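Keeping their order, the protein sequence lines are chains A and B. Residue numbering for the first sequence is 606 to 814, 831 to 881, 887 to 956, 960 to 1027, as defined by full-length UniProt numbering. Residue numbering for the second sequence is 603 to 666, 669 to 688, 692 to 732, 741 to 817, 823 to 1152, as defined by full-length UniProt numbering.
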Amino acid sequence: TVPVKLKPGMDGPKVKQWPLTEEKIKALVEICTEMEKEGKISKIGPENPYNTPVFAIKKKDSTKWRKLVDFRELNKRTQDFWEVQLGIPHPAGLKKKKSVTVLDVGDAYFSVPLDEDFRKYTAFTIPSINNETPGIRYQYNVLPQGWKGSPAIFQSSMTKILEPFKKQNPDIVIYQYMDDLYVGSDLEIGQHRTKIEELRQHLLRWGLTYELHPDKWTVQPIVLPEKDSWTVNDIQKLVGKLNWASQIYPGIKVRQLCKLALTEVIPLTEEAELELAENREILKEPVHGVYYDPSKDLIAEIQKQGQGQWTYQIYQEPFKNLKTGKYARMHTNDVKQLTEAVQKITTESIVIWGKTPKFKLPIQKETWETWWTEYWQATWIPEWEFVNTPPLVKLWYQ
Amino acid sequence: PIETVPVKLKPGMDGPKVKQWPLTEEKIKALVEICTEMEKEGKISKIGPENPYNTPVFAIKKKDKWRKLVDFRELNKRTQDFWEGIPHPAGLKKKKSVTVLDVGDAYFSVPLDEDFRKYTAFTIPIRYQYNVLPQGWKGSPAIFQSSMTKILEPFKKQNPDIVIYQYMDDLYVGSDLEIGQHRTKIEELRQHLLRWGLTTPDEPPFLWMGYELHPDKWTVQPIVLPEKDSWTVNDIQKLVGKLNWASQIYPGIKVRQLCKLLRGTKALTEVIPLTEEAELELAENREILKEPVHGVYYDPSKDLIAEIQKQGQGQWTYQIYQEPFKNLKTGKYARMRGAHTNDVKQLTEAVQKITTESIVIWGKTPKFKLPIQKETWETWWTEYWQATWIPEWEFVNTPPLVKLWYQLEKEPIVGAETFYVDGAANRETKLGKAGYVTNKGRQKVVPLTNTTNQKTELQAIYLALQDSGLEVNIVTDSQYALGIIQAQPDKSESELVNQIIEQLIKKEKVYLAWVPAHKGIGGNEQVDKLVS
């Protein structure tokens, strides 16, 4: 074992658990008791005041629940223990692969136990309906899944197992995150899927255990209407949109356009025509003067388009965005759409810059806290803050 | 013979120590009499004089005769934190045989940490020491509950059929077995309880956690307080707890001021003054608290069916049931922001609250019977900017109903007198004026008091809306006014906003658009010179 530490003057997380559904608790009891039967967790009394929430989910179509522990507070508190071990360099080639397959490797941590003095911090309670029984509180004896240090301890151990693989097929890029293994290969999908099987066999041989396509990923530009005969309202709306665009693309001039009924058309003036066309060309080009500063976290802002479509902006500072894209799925449920959208944003973010950004969700916090776990299939959990202001950005983007 | 749960202090603390304000001999005799028998019971031991701490003891009649009490107010400030909802009557399944057993002061049966006993001395102005849980330590309930769980686990294991609850001193045991059988099984339970040193002292009604259990119904024993011109302070520290507990049973209880008046105060010699305002609030709260609740036992084989009704202006109902005319639980909901809202959004928030409460109580989300028409809900959910969901539900027809009063058009209207508005405000003397500019040029600038920028932006729209016909177009340079208006609200603290709402109700085709500020767009230039 190796020591585990906290940022000085930081206490263990004390975050109360939100209520759970009857089937969820019924299955969670089975999972947790089976775990204790195999020595994975040990029950505790009231001397441990810490607690982190739990919720059992279903990752895939397989009919078997699996539990998640929101270690957002524990990861934040134990952020210092990451600085002792940095994964340098992060693979920049995954961004270019033709196929990246995500293989769950959470089960690896079950064999490497934790440093004892930190066991107390990983505690959770599986609450009972109507608060009849007080609630069985356990502690993690083996390493957690979502804990920041969970792969940090296993990094050296695992990379030993990967040594043959990186030895014999360099073009594969294998990169890991809190629970997941991303394997990339810019090959034909036929043999990409072939080496996926061999990697699975290699992993299980030494005791461990939609498709994702970065190349097809594209940056959606912003377009401007060009109706054959616009009317006075159209120019007003177009100007109102464009003057916002200067905060992104500085090379924008509209002084001709604003040169000025709204039942009729107003034919555009020629100098306005040329200037506007020049601006249209400028807008339809790759964003400029933007890069990544790894010293600051990343912000993901989602805005709803209200017809079974969504748009998002991924930025590190305001008015300067790294990745822009839309999420669409054609009358269905609504919370499911954000949850799928949040998951797809975070998968892309993990691939491209290797960390989950902070979300600014378009939903009341009360609403999210009830039905976010119903439709989440992912081991990780991103930090989110809630937005209660409708801007013009939603109309601006699409 | 029962394992002691380890307990430690909060870090960087070496208390407690408070000089007990010396008592008098008549009561001291009572303290001695209690102490001798308490010791011979192996409960409290006369420590060695090397222990340096002390805490006060008072004598209470236990009625409104010199019952022992030790004030652990300063002791609680150093204890390590421990894990600390309430079981609602609505969540008790039917059980044809029911009994409620009370533990005979079981806190005097679960040992306290022998290593922590140094911090709970007991002087009679003869230092003593607790070895079992204190009778008033806020840390005691947690360890008591834990010990009860650990001792009950085997008996529960060997009997899966029975269901056993325990909150403070009651052991709600229920089973479907016959009474002739159930008494024998409960006798087994009592003997097993005695095995671990617990003592059990020694009927259509049953009093369980303050809920009166009945053959097919449940109710709350009416909860009332002692009344006096001035109340004993320590009892006030009790009555706050009783009111707190009643808050879960019956809403509309706030004692925050009463709690502050206690918390600031730390003495008993002076007769503690009580405010008239908070006292009257307590009295009026109690008057409302005179209401007998009801309900019936939940049967999981039948689905919950809730229903919300719109009383008026931010008052709703929370009727929950599984059969007609048998309320499982009834509640009411009111506005939370109190500033800007709309009825459909209020309905969504009410559904959210009901779902949260239902998952808490029974665990399965219900089938709401909302009143709103489906077309209206679909339109609002497809057009509103944020994300909202309602679980499976059906409309129910009632004379009052919820609808969006008005809509803001999505296409500027042919012939409609497009009306331009603008607004600005100053700071030294609130010298900002408002008005509107129109296609034909009609306008009016009427001086305004308490001129505020957001206020002015609002005022610009209303000035034009008052002198506008049916079909209107309004171009505003405020994103804020547009945002407030286009949220389709129905209640706001502003009679200005409400006046706009009542005005816009009359209009038939109203269309709003926005412009950038401090730019020449061929409109407001007529009164661009308004302020500068």
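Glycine included, every Cβ here is placed at the ideal spot set by N, Cα and C.
Assigned secondary structure, residue i (DSSP; H/G/I helix, E/B strand, else coil)
i                      : result
residue 959 of chain A : Between 956 and 960, chain A has no modelled residues, and residue 959 of chain A is one of the positions in that gap.
B:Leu1132              : strand
B:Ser704               : strand
B:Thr727               : coil
A:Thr937               : strand
A:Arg742               : strand
B:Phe945               : coil
B:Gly812               : coil
A:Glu911               : coil
A:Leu625               : coil
B:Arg957               : coil
A:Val1022              : helix
A:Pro718               : strand
Cutoff 8 Å: residue i Cβ touching any chain B Cβ
i         : result
A:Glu977  : no
A:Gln1006 : no
A:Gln744  : no
A:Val860  : yes
A:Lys973  : no
A:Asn864  : yes
A:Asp720  : no
A:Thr626  : yes
A:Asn962  : yes
Among the options, the one whose alpha carbon lies nearest that of residue i
i                      : options                                    : result
A:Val853               : B:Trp1134, B:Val1151 and B:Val1147         : B:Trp1134
residue 737 of chain B : B:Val971, B:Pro944 and B:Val1095           : Coordinates for residue 737 of chain B are absent, as chain B skips straight from 732 to 741.
A:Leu786               : A:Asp776, A:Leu804 and A:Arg798            : A:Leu804
A:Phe676               : A:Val634, A:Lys922, A:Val620 and A:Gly934  : A:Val620
B:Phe723               : B:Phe686, B:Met956 and B:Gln744            : B:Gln744
B:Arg955               : B:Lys949, B:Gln993 and B:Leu967            : B:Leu967
A:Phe660               : A:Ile630, A:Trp687, A:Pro651 and A:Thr668  : A:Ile630
A:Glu995               : A:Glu1014, A:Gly754, A:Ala903 and A:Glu977 : A:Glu1014
B:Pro835               : B:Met829, B:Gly915, B:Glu1037 and B:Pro718 : B:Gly915
B:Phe686               : A:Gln931, A:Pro654 and A:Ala887            : A:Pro654
B:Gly617               : B:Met640, B:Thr657 and B:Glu605            : B:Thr657
Cβ-Cβ distance between residue i and residue j below 8 Å
i         : j         : result
A:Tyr780  : A:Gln750  : no
B:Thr1018 : B:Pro986  : no
A:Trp752  : A:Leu679  : yes
A:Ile636  : A:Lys612  : no
B:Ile940  : B:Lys989  : no
A:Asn962  : B:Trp1009 : yes
A:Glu627  : B:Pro694  : no
B:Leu1132 : B:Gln1099 : no
B:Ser647  : B:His797  : no
A:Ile843  : A:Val607  : no
B:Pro824  : B:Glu832  : no
B:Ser755  : B:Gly812  : no
B:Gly1043 : B:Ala1007 : no
B:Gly698  : B:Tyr918  : yes
Min CB distance residue i to chain A below 8 Å
i         : result
B:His695  : yes
B:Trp1001 : yes
B:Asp785  : no
B:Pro991  : no
B:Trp811  : no
B:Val607  : yes
B:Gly934  : no
B:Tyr1056 : no
Interface residues of chain B facing residue i [CB-CB closer than 8 Å]
i        : result
A:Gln841 : Within chain B, no residue comes near A:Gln841; the closest Cβ sits about 20 Å away, beyond 8 Å.
A:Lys930 : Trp1005, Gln1006 and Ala1007
Cross-chain neighbours of residue i in chain D, by beta carbon under 7 Å
i        : result
B:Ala757 : Of the chains in the structure shown, none is chain D; the protein chains are A and B.
Neighbour list for residue i in chain A, Cβ cutoff strictly below 8 Å
i        : result
B:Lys645 : What B:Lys645 touches in chain A: nothing, since even the nearest Cβ is about 22 Å away.
B:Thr683 : Residues of chain A passing the Cβ test: none, with the nearest at roughly 11 Å.
B:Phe676 : The contacting residues do not exist; B:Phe676 stays about 17 Å from chain A at best.
Contacts that residue i makes with chain B (C-beta to C-beta distance below 7 Å)
i        : result
A:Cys637 : Ordered by position in chain B, no residue passes the 7 Å Cβ test against A:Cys637, which lies about 16 Å from the chain.
A:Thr889 : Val1034 and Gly1035
A:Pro739 : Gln760 and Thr764
A:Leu967 : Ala1007
Listed by chain order, chain A residues near residue i by CB distance under 7 Å
i        : result
B:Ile981 : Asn735
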